[PDB]
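Each of two forms of one protein chain follows alone as structure tokens, named structure 1 and structure 2.
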Structure 1
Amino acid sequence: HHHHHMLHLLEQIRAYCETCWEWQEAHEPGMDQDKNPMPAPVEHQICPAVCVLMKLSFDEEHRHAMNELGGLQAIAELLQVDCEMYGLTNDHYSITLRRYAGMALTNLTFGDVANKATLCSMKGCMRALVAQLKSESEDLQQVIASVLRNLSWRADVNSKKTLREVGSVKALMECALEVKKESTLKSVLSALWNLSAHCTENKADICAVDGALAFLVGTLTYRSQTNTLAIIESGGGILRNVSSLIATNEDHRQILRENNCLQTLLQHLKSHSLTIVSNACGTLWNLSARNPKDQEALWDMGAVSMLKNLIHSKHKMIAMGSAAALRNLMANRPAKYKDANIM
């Protein structure tokens, strides 16, 4: 009767991996004969199978069925092994296989805590994923970022640790600098946004990349042909999260200033997107604290009228962030704007 269509797809994938593993065990560096060349994924119809699994993974019912059959392990194993075998290849079959595999993993980690945990526990795969950010396929990078994004969203303690340990933050930030396509960059930044919320080390590792803060401030005035605000919302959200670290560092503060950050950030308080506002409010909350030059430069661009608008908003993060930023500016005035003078 019952076809077990999905089971048969996973068996193919499991089988191919066993064969690759067998080839890896024979063909190590201290090596025996090369009278057995590698398994090639084209020769065992692997794209088709992973492709169909990828397709089915969009639907939630199918995901539930895969999860009973251990589909996540299987697909992650497949991705890992094709990376470990063929490196940073350009072959279309390997890149397509890797993409489909990654998309399936994006879908299987979406909304599922057990799977996020599980995939993160697979450390050889995590390393393989992170290394793919250096691929020449930005379409693949877009996928890998998307995986990393979902793993970093509500990561438990272990998953967070692992994500840091495999060098994900520093690799995505370097990835971002080189990305030429918008869709790719959206995912890269979305992942970084999630990751920057985790811990100090991640914030630190972002700021510590050559061109990073320059680039991030640049995203705040990104010109989209997509007629979309998602790059500004993401890059701004990253900046807001790292700004706690920037606040207390002058070298970094300086890089913002020489790219007109605070000027731009004030224009964001106007902006129509509640996200762009919330981001700019929380960024200023930290940059308006305990630094005299920036404190005054904000007075001299009329931040106080601007922040007075927002203090009575129903949106808590706008209300807090603008009030807090205002309070810093109030309680540390240039003489000119004191109550005693100029009433």
Structure 2
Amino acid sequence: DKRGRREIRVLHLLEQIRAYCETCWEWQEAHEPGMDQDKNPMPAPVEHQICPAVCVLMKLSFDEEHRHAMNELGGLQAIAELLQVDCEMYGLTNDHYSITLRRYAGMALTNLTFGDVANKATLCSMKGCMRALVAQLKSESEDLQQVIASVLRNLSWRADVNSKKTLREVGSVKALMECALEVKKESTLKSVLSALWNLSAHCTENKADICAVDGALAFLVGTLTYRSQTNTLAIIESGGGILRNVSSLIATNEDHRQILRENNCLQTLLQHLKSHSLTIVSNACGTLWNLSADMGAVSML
């Protein structure tokens, strides 16, 4: 009864975005740039009332039963393909319609990937979408950046081998670190640093990429003494978590050490040892140990 009602409702919405996607794919894949322009104008989302469809799916995605219906009909892939094709068609634009459409799609994807092994793997297997998502981090819209960081945060958490490789390949590390440097809102920084913390533990390359970004290390040391206006330790914990993960690389690079030194990192880490947060204490111990130039006691804290 009501289940069929939910499925039909969700199905109609997905058929709508799919039909639009098929029109965009045909245009992008078969339309020869120079050939009777008037008979094949580039599709526009607004002309097909697409955002409203994505808005409904985004709202319904907060309800578990509707998420189940979406998962039975390949809803995540459909939404992802739409986000991807729109980004490829219009790139980075300051268009209010396009920004909202992408934010609604990203929010649905965050809801659909939350604690869903299958959906996370599926989204990461879509490398074109992944490149599109990462590109959105350069958007002037901080609300969009936050949505994308949240998607990347879910994907970087407990990622399988394939997902980890994709996340690295599309350059999400550099993109996230560069984004962290320009964000103005704390809520945004939290999602960005949280994602970077997950990513910084995947492999050595990710660690090297973080350190390579100009101003990154100085910025990370700065998060150690961050004064959260919302009275939280989230920034200090994630920023310090990232620092701990890349500290092993910093240890063998005098230039980087010099940067931590100039920013009085050591003194701050020693102060962190007194924290009421086990995460902060643990991060500090790990950083101090790595920088301090058989086994250590790190893996026991």
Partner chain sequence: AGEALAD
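We call the rigid core whatever largest set of C-alpha positions still superposes within 1.5 Å between the two forms. Throughout, residue numbering runs from 1 along the sequence of structure 1.
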Index of the chain form solved in complex with the partner chain, chosen from the pair = 1
Large Cα shift (2 Å or above) at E43 between the two structures, core-fitted | yes
Fitting the rigid core first, would the Cα of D34 be found 2 Å or more away between the two structures?
-> yes
Core-aligned C-alpha movement of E61 between the two structures reaching 2 Å = yes
What Cα shift, in Å, does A247 show between the two structures once the core is superposed?
-> 1.5
